[PDB]
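Trainee: Here it is, the structure in full.
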Amino acid sequence: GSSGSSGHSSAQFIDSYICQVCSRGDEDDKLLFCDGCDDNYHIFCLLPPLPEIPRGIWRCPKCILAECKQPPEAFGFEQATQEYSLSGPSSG
Ligand SMILES: [Zn+2]
Ligand SMILES: [Zn+2]
């Protein structure tokens with residue numbers, strides 16, 4: 001029959017990292033993380049490829065090649081990070 005007003009039961013958990021070029025996992029040991037889409041990319045899958053895991057922040061080509069040159073439909077205000085939980089205002 002019917003119930004009225006539905007749609008409120010969708011759960012999913014993903015705690016794994018799969019490359020976006022070869023679709024592997026055992027290579028996670030050398031998997032990189034993008035600071036925009038949180039993806040997984042190896043050092044021998046990119047182009048040009050990399051020598052090994054980077055130090056600072058590393059980004060993927062799927063994001064850089066997009067932000068680099070985009071059409072007139074992505075102009076506005078930047079995002080705003082969430083507050084910080086330090087637990088301990090002031091100091092004296
Ligand atoms: Zn790969
Ligand atoms: Zn990315």
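Each chain in the structure tokens gets a letter, A, B and so on, in the order shown; residues start at 1 in every chain, and ligands are counted from 1 in the order they appear.
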Near stretch 38-43 of chain A, counting only C-alpha atoms, which residues have an atom at most 7 Å away, once you skip same-chain residues fewer than 4 positions from it, shown as a ChimeraX atom specification?

Mentor: /A:17-20,30-34,49-53

Trainee: Give the strand (DSSP E) residues of chain A, as assigned by DSSP on the backbone, as an MDAnalysis selection string.

Mentor: chainID A and resid 32:33 40:41

Trainee: Compute the set of protein, DNA and RNA residues whose minimum atom distance to ligand 2 is at most 7 Å, using only C-alpha atoms and all ligand atoms, and state it as a PDB file with N, CA, C and O atoms, in the first residue's frame.

Mentor:
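So result15.pdb came out as:
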ATOM      1  N   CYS A  34      44.278  13.636  -3.224  1.00  0.00           N
ATOM      2  CA  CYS A  34      44.016  14.959  -3.781  1.00  0.00           C
ATOM      3  C   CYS A  34      43.385  15.873  -2.735  1.00  0.00           C
ATOM      4  O   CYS A  34      42.519  15.451  -1.968  1.00  0.00           O
ATOM      5  N   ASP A  35      43.823  17.127  -2.711  1.00  0.00           N
ATOM      6  CA  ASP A  35      43.301  18.101  -1.761  1.00  0.00           C
ATOM      7  C   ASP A  35      42.116  18.857  -2.355  1.00  0.00           C
ATOM      8  O   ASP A  35      42.033  20.081  -2.253  1.00  0.00           O
ATOM      9  N   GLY A  36      41.201  18.120  -2.977  1.00  0.00           N
ATOM     10  CA  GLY A  36      40.034  18.739  -3.579  1.00  0.00           C
ATOM     11  C   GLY A  36      38.892  17.761  -3.765  1.00  0.00           C
ATOM     12  O   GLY A  36      37.727  18.109  -3.566  1.00  0.00           O
ATOM     13  N   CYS A  37      39.223  16.533  -4.152  1.00  0.00           N
ATOM     14  CA  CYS A  37      38.215  15.502  -4.368  1.00  0.00           C
ATOM     15  C   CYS A  37      38.527  14.256  -3.544  1.00  0.00           C
ATOM     16  O   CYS A  37      37.768  13.286  -3.554  1.00  0.00           O
ATOM     17  N   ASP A  38      39.648  14.289  -2.832  1.00  0.00           N
ATOM     18  CA  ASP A  38      40.060  13.164  -2.000  1.00  0.00           C
ATOM     19  C   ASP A  38      40.051  11.865  -2.801  1.00  0.00           C
ATOM     20  O   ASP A  38      39.377  10.903  -2.434  1.00  0.00           O
ATOM     21  N   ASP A  39      40.803  11.846  -3.896  1.00  0.00           N
ATOM     22  CA  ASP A  39      40.882  10.666  -4.748  1.00  0.00           C
ATOM     23  C   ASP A  39      42.182   9.906  -4.505  1.00  0.00           C
ATOM     24  O   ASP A  39      43.000  10.303  -3.675  1.00  0.00           O
ATOM     25  N   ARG A  59      47.815  17.476  -5.571  1.00  0.00           N
ATOM     26  CA  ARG A  59      46.520  17.497  -6.242  1.00  0.00           C
ATOM     27  C   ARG A  59      46.526  16.583  -7.463  1.00  0.00           C
ATOM     28  O   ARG A  59      47.586  16.232  -7.985  1.00  0.00           O
ATOM     29  N   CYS A  60      45.337  16.198  -7.914  1.00  0.00           N
ATOM     30  CA  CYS A  60      45.203  15.323  -9.073  1.00  0.00           C
ATOM     31  C   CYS A  60      44.977  16.136 -10.344  1.00  0.00           C
ATOM     32  O   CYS A  60      44.545  17.289 -10.306  1.00  0.00           O
ATOM     33  N   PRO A  61      45.275  15.522 -11.499  1.00  0.00           N
ATOM     34  CA  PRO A  61      45.111  16.169 -12.805  1.00  0.00           C
ATOM     35  C   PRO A  61      43.645  16.367 -13.174  1.00  0.00           C
ATOM     36  O   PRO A  61      43.306  17.247 -13.966  1.00  0.00           O
ATOM     37  N   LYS A  62      42.778  15.542 -12.596  1.00  0.00           N
ATOM     38  CA  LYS A  62      41.347  15.627 -12.862  1.00  0.00           C
ATOM     39  C   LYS A  62      40.750  16.884 -12.238  1.00  0.00           C
ATOM     40  O   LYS A  62      39.665  17.324 -12.620  1.00  0.00           O
ATOM     41  N   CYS A  63      41.466  17.458 -11.276  1.00  0.00           N
ATOM     42  CA  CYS A  63      41.007  18.665 -10.600  1.00  0.00           C
ATOM     43  C   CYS A  63      41.753  19.893 -11.114  1.00  0.00           C
ATOM     44  O   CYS A  63      41.156  20.948 -11.334  1.00  0.00           O
TER      45      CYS A  63
END

Trainee: Hey, which of A:46, A:86, A:22, A:74 ends up closest to ligand 1? Count only C-alpha atoms and all ligand atoms.

Mentor: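 For ligand 1, the nearest of the given residues is A:22.
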
Trainee: Name the residues of stretch 9-59 of chain A that come out as helix (DSSP H, G or I) in a backbone DSSP run; write them as a PyMOL selection string.

Mentor: chain A and resi 26-30

Trainee: Take the residues from that selection and put them in a file with C-alpha atoms, as a tab-separated table (two decimals), in the first residue's frame.

Mentor:
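Below is the file selection21.tsv, written as the result:
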chain	number	residue	atom	x	y	z
A	26	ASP	CA	47.61	-3.27	-2.97
A	27	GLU	CA	49.45	-0.30	-4.47
A	28	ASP	CA	47.83	1.92	-1.84
A	29	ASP	CA	51.26	1.91	-0.20
A	30	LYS	CA	52.18	4.54	-2.80

Trainee: Quote the spacing between atom CA of residue A:64 and atom CA of residue A:83 in Å to one decimal place.

Mentor: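 Between atom CA of residue A:64 and atom CA of residue A:83 the gap is 27.2 Å.
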
Trainee: Give the answer as one residue: which of A:91, A:70, A:23, A:79 has the shortest atom-to-atom distance to ligand 1, using only C-alpha atoms and all ligand atoms?

Mentor: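 Smallest distance to ligand 1 is found for A:23.
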
Trainee: Counting only C-alpha atoms and all ligand atoms, which residue out of A:1, A:25, A:48, A:54 sits closest to ligand 1?

Mentor: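 Of all the options, A:25 lies closest to ligand 1.
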